[PDB]
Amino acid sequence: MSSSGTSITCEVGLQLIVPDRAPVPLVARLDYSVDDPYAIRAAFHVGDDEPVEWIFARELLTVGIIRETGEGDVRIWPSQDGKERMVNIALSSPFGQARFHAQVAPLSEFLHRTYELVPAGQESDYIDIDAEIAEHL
């Protein structure tokens, strides 16, 4: 039963794949907080850029490494690069989907660490604590 404050962060190498253009490398900051136990925040930025932050369900990324899935405008699916296992994340927009491309190992490792803090199915405990703090604040 981890402390109410616990949180983890890492950085992951990514590529922005654009239809009629070459790939653009970029680093994404992933983080997970036990106070928001169903979520993963991801801050993407290109080169010397201030980030834009996406927030989505942790389970969507766990499932998306294994099979094509999605929620609303987010869409995640796996892929191969010969032997190398990849995961693809896309934001849907009428103005054309943009697409991220990353290797599985680092995302998997990060997710494994999040599950060590809060195992799948025990998120409730942390929701209860959040509710309890609010009920005294």
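In case it trips you up, residue 1 is the first one in the sequence shown, and so on.
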{"item": "Average Cα temperature factor in the PDB entry - higher stretch of 32 to 40, 46 to 54", "value": "46 to 54"}
{"item": "Selected stretch [higher average CA B-factor]: 19 to 27 or 117 to 125", "value": "19 to 27"}
{"item": "CA B-factor placement of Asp81, once the chain's modelled residues are sorted into thirds", "value": "highest"}
{"item": "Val63 - Cα temperature factor, lowest/middle/highest third of chain", "value": "lowest"}
{"item": "Chain-relative CA temperature factor third for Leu111", "value": "lowest"}
{"item": "Relative C-alpha B-factor of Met1, binned into the chain's lowest, middle or highest third", "value": "highest"}
